[PDB]
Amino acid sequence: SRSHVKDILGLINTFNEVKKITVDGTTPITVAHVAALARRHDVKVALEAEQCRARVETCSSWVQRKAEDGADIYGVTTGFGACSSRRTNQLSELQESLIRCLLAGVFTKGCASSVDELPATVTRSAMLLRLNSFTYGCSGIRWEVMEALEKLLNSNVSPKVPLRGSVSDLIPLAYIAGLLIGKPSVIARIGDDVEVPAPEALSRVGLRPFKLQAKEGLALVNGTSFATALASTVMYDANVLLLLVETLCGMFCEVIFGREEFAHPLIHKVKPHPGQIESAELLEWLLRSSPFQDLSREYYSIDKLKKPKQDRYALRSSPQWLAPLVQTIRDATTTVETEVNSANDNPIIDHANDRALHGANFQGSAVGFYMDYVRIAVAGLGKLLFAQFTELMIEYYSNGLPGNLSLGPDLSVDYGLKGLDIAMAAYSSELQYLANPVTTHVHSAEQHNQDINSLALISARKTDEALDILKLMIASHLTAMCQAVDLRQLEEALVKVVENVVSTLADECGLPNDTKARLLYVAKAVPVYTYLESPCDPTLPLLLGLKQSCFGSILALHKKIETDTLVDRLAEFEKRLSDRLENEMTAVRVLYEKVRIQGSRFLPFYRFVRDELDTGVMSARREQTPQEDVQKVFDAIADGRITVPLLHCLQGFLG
C-alpha cells in the first residue's frame, strides 16, 4: 500500500532536508540519514539524554557492580574468542589488551588496486551506527563514552582505519576504540584531512582519553557498524540509481520511437509482481501524451507493413526486467535499516532480570547476504542500460537515427559516440564479474571459533564498486539520449525542408499532380540520415526513391499532357534539385547547431544536460571530446545534483 517511487522520492527528500539526526533508542535511523551524515557536514548528531540516559546508566552500573564481585560473564571476567576458558579478575587490563591485539590492520601507500584506507565517510557512518547501537541500553558502556562519540562526529574527527581485516568488524572498530582511549599509534583526521595522533585529536575537541571499565572494550569492538554503515550508503545510492534508470527507460522509449503500450496496466495486472506493476505504472505516466510518442505513431503509420511491429526486449521487457531489481533493492533497504537500528553486541545485558545473555548479534549475515543480492541486481540494471545503449548505436535498430548517433553529414570524419559504445561494453563486463557472491567464500576463522562468518563488509565494498560502474553507465546512457533528441529534432526539421524543396520545385517545373503526389510521399518516407551525407547521390535512398516514382509516374500517364514534355520537366526538376537541395538542408542544420523536447516529461533532463551543464549536439565541429561531455553528467550523478532534474521530472506522479 505504497509504491517504491514514493518511498525513494521520500529518501531523497530526507537526504537534502534533514539537519539533525535524532539518536535516542526509539526514532528510526534511515538509510538516507546515514548518507546525509556521511556526505553533508552541516547535518549534526543529537544524542537525546532524556530518552536513553537512565537505561544506559542502569546498564552501566549493573556491569560495574558485579564483574567487581564474583559474576562470570563472557565480556567482563572471561577470555575472548576460542579462549573463553580464561577467567580473570583484572577488569581494566583485560579490556585494553583486547583493543591492543585487534589493532592489526595495514595501511597501503601507492595502491594501484584499491584505496589504501577506509574512506572517512564510511568511518563516520560507522561511528553513527556504533553510537546508535548503544542507545538500546544493552551494552553496559558508560554514557560519557557515548557523549564522546557524539562530539567526535559533530567535530568531524575520525580514526584512519585500514581497508581490510574484517570478516564481519573487530579490527575496524578497534580504531574507534583506539581513538577513544587515546592510543598514540592510531592517527585521526580533523576535518581538513589534517592528521594527528589520537590523544592530540581528543585534545582538539576538549576530550581526555578514557580508561576502559569492565566490558567496555568488547562493547566497543563487538558490532556490525562498519559493514552496515557502508551497506547503508550503498542502499541509499541503489535506490536513487534504480529510480534513475527506471525513469531513463521512458526517455529511451521517446528517442528510439518505442510503443508505450508495453507499459499498459493490464499487461502487468495480469503478471502482478509488485516491482513490475510499479515500474510499469511510472512508465505509463511518463509517456502519457508525450510529443515523441506522437512522432513515433506517425513513423509506424508510414510504410507500416515494412517496419517492426514490436520493440526489442530492452524496451518492451523493461518492466518485467526491473521488477525483481526494484524488489531486491527495496527489501535489502529494509533489512539494512533493521540492522542499523539494532543492538549488535555481545553479551546482551538483561539488567531487569539480572543476567548477561551470550548470543551472536555481532554476526553480519543479514547484511552480507543482501549485499550479495543487490550486487546481482545492479549487474542487471547494467545489462538493461547496456542493451538499450547498444540499440541506439545501430541504425538497423534505432529506427531512423544514424549509426553511432553520428551527426556531421560527412560520416568519414565523424564516428560519433562509438567510443562511449565501446566503454559501455567494458563497463558492463566488469560489472557482471563483480556480481559473483562473496558469502560463498567463508573460511573457518579465529582458531576455528568463527566457523561461520558473514564477510558483510567485503560484500558491501564490492556492491559499492558495482554501483560506481553503474554511475558510469548511466552518465553515458543519458548523454547518448540527449544526443538522440537533438538528432530526432534535426531529423524532423530536415524532413520539412526536403518536402518544401520537392514541392516548390514540382511547382516551378509544371509537374502534374500525380507526379507531385508520389515524389512528396518519398520525401516523407525515406529517412534523412540514410542520405544526409550526399542528398543528391543516385545510390542513396532519396534519389533512388524519387527516380523510381518518376518512372512509375511517366508510366501511369503517357496518354491524353505529352510524354516528351514530362521528361523535359523531370530533367529540369532533377537539375534544380542538384542546385538547391543540399544547400537548404545545410543551412537548416547549421542554424540548429546553435522544438519538441519542450513538451516532453524529460525536458528537465535535456535542459539540465544541455544548458545547465553547458553541452551541445556532438559533431566534428564541436571542440569538446566525448569525455568532456560525459564527465559533466557523471559528476552530476556522483554529486547528487542529478536528483534535481529527477524530481522535476517526477513532480506530481504521487497517487
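Position 1 is the first residue in the sequence shown; the rest follow in order.
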Next on the checklist: Between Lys560 and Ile561, how many residues of the deposited sequence have no coordinates in this entry: none, 1 to 3, 4 to 9, or 10 or more?
Outcome noted: 1 to 3
Item to check | Continuity check for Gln388 and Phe389, given as deposited residues lacking coordinates between them | outcome: none
Checklist entry - With respect to the recorded C-alpha B factors, which stretch has the higher mean value, 254 to 262 or 549 to 557? => result 549 to 557
Item to check | Stretch with the higher entry mean CA B-factor, where the candidates are 50 to 58 and 622 to 630 | outcome: 50 to 58
Next on the checklist: Highest Cα temperature factor in the entry, among the options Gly400, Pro437, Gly191, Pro159: which one is it?
Outcome noted: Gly191
Checklist entry - Of the choices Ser476, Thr328, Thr338, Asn89, which one's C-alpha carries the largest B-factor in the record? => result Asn89
Checklist outcome for this item: Chain-relative C-alpha B factor for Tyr427 (record values, thirds): the lowest
Next on the checklist: Per the entry's values, where does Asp468 land by CA temperature factor relative to the rest of its chain, in the lowest, middle or highest third?
Outcome noted: lowest
Checklist entry - According to the PDB entry, is the CA B factor of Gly368 in the bottom, middle or top third of its chain, that is, lowest, middle or highest? => result lowest
Next on the checklist: By the recorded C-alpha temperature factor, relative to the other modelled residues in its chain, which third is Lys307 in?
Outcome noted: highest
Item to check | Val34 by Cα B-factor - lowest, middle or highest third of the modelled chain | outcome: lowest
